[PDB]
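Visitor:
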Amino acid sequence: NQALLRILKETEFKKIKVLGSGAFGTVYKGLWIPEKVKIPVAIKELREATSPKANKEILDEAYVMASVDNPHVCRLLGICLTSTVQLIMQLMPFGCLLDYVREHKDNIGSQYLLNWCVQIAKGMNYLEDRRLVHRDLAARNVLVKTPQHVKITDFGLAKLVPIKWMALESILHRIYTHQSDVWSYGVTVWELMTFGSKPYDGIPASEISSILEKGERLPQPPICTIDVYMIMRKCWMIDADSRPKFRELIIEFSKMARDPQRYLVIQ
Ligand SMILES: *CCC(=O)Nc1cccc(-c2c[nH]c3ncnc(Nc4ccc5c(cnn5Cc5ccccc5)c4)c23)c1
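Residue numbers (the numbering used here): 1456 to 1722.
Structure representation (structure tokens):
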């Protein structure tokens, strides 16, 4: 447990380039130099002094993030606690899956798409087995190591509001469970099947709850056969217990991945 998370000194890593920024902070492409080696790594520097969280509480959450052991979930490699929290992770050179599918839309076939739905469902099922709720699953929070190998990221970062990815019960009661992660998974699948479309495009965040109450859901992507769409639709049921479990999401999308042209119709 304790040895799974490395406490990095400031001299062990060097920020080289910027990869992205937001309210959370900044991510850098970096070099980890512990030993005559140089490891390409990504370094997320969180915004300083957002909350009064103590160092012991931070490392306790980082230990959990360093303990994940699944091919489709990102693992925290190291942490550097200074004025800011700096999280060190291996570099995913193809970026987030949302930007990937938007840039490669013309060259993405049915096997790649269903293989992604399988891998995301496997990573989420592992998080649920670890009794961990993600709370922020979206195509922007899936990283691409190689085109056929993706990993879920940004779990547990909430500890220390994406309305359009949240289940109705999370919007109305701030309830977050593994079945509310299933809702976000269905939206994530919708993002992939539309090659990176924005869900409820133009609709303001304050109107999403009434849209869902009216029974409106994200429209069937053109390439999705009715089989794929009803699985996505089942993820968006009001009754969280009636939504699919991640375990059975792995099964059906695995079955569909055996014959992808039967379930996705791509030009
Ligand atoms: C979809 C648009 C987008 O997100 N672009 C983007 C922005 C910032 C960084 C990256 C990016 C590109 N390649 C990457 N490789 C590896 N990591 C990141 N970003 C990233 C995400 C999350 C993260 C870190 C570092 N620490 N965390 C949090 C974390 C890590 C492990 C486990 C749990 C939580 C870097 C990359 C793309």
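Every residue, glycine too, gets a C-beta built ideally from N, C-alpha and C.
1) Determine the extent of the beta strand (DSSP E) in which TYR1483 is found, giving its start and end residues.
2) Output the residue ranges of the alpha helix (DSSP H) runs that lie fully inside the segment 1469-1542 and measure 4 residues or longer, sorted by chain position.
3) Using a threshold of 8 Å, is the CB atom of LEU1531 nearer than that to any non-hydrogen atom of ligand 1?
4) Pick helix, strand or coil for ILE1618, following the three-state DSSP scheme.
5) Could you name the residues that DSSP lists as bridge partners for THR1601?
6) Take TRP1645 and list the residues in its own chain whose beta-carbon comes closer than 7 Å to its own, dropping the five residues that flank it on each side.
7) Three or more beta-carbon pairs under 8 Å between the segment 1618-1632 and the segment 1597-1609, yes or no?
8) Rounded to whole angstroms, what's the CA-CA distance from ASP1561 to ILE1658? Just pull it up for me.
9) Measure the CB-CB distance between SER1639 and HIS1589 and report whether it falls below 9 Å.
10) Bridge partners of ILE1678, per DSSP?
11) To the nearest angstrom, how far is it from the Cα of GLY1477 to the Cα of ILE1563?
12) Just confirm the distance between the C-beta atoms of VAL1540 and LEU1486, as a whole number of angstroms; I'd bet it's less than 8 Å.
13) For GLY1550, is the beta carbon positioned less than 8 Å from some heavy atom of ligand 1?
14) Can you round the beta-carbon distance between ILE1607 and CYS1529 to whole angstroms, since I take them to be within the 8 Å contact cut?
15) Considering only their Cβ atoms, is the gap separating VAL1605 from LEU1552 smaller than 9 Å?
16) Assess, as a yes-or-no matter, whether the segment 1570-1589 is touched by the segment 1708-1718 under the definition of 3 or more beta carbon pairs within less than 8 Å.
17) Under a Cβ-count criterion, where at least 16 other Cβ atoms within 10 Å of its own Cβ denotes burial, should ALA1622 be classed as buried or exposed?
Guide: Taking the definition as stated:
1) For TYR1483, the enclosing beta strand (DSSP E) has its first and last residue at 1480-1487.
2) The segment 1469-1542 contains these whole alpha helix (DSSP H) runs: 1510-1522.
3) Correct: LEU1531 has its Cβ closer than 8 Å to ligand 1.
4) Three-state DSSP puts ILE1618 in a helix.
5) Bridge partners of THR1601: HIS1604.
6) Contacts found: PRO1654, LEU1673, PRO1676 and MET1687.
7) Touching, no, given that fewer than three Cβ pairs across the two stretches are closer than 8 Å.
8) Near 27 Å, if we compare the C-alpha coordinates of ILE1658 and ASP1561.
9) Yes; because the gap between Cβ atoms is below 9 Å, this pair is in contact.
10) Paired residues: none, contrary to the question.
11) Roughly 29 Å between the two C-alpha positions.
12) Going by Cβ atoms, the distance from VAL1540 to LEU1486 rounds to 20 Å, so no, they are not a contact pair.
13) Yes.
14) Between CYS1529 and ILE1607 the Cβ distance is about 6 Å, and since that is below 8 Å, they are a contact.
15) Cβ distance < 9 Å, so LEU1552 and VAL1605 count as in contact.
16) The segment 1708-1718 vs the segment 1570-1589: in contact.
17) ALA1622 should be labelled buried.
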